[PDB]
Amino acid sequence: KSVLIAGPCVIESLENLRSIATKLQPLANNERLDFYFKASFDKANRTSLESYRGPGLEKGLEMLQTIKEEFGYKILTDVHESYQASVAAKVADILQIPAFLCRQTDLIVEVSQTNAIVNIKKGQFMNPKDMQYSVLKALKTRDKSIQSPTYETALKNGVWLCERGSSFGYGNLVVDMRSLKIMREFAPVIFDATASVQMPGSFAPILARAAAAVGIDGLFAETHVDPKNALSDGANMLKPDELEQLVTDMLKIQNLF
């Protein structure tokens, strides 16, 4: 089963969450997918001081819980501080390490001491080869006999790596498709199609197809019922219909190989 992780960037309100959850119900019941609903409870890196923060840990997890109960969804959320990990793992089936935190030992350790799947996003200037060390800190926490990380051992131990692009000059993101293959020696690989589109002066579908042709274990996409009215920078996100098409195309590609 290919993994699909999908939902809005940040939790905005219970009704917005219910709305997007509802639009994703057909994807979630697709027996070819292993589905996880996502939303951040905090926006730690917001553009400016008065920018929307999100509801915070306690109210945000209550909300993700309600989605899990009403829709039957497994949940992914991300964690920025060690001491969030334990309580978040009681609602989230996956805990995500943000890309900028991907070398933070204590965070990785704490998250790995929980029972959740650990999804480590690759830093924007990290060499994909160096992501083995982050996988290994997690694996060693879960099984202190492991000396080197492998796909099969990371899979049995619930540790995954996520491609979100590399910085390319100032204000540009490029996806080196080679990294998908390289990181897959170490762990299952998820492709974040909506992070990685950014050029100065949508590409998400075409990169998702490229990624599926190379070989990925799953897809991650930020999705909103109405991007123009989102409380993020609304530029990165797909509509549900757009995501359905993208997923349709990935499965056809994957079924060739």
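Note that residue numbering follows the sequence shown and begins at 1.
Where coordinates are absent for parts of the deposited sequence, a chain break appears; between neighbours residue 201 and residue 202 it spans 10 or more residues. As recorded in the PDB entry, 76-84 is the stretch of 156-164 and 76-84 with the greater mean C-alpha temperature factor.
The deposited model assigns a higher average Cα B-factor to 105-113 than to the other stretch when 183-191 and 105-113 are compared. Per the PDB record, 225 has a higher Cα B-factor than any other of 225, 33, 208, 216. Per the deposited record, 147 carries the highest C-alpha B-factor of all listed residues (124, 150, 147, 134). The deposited CA B-factor of residue 128 belongs to the middle third of values across its chain.
In the PDB entry, a CA B factor belonging to the middle third of its chain's modelled residues is recorded for residue 169.
Residue 253: CA B factor in the middle third of modelled residues in this chain (values from the PDB entry). The entry lists a Cα temperature factor for residue 21 that places it in the lowest third of the chain's modelled residues. When the modelled residues of the chain are ordered by their C-alpha B factor, residue 27 lands in the middle third.
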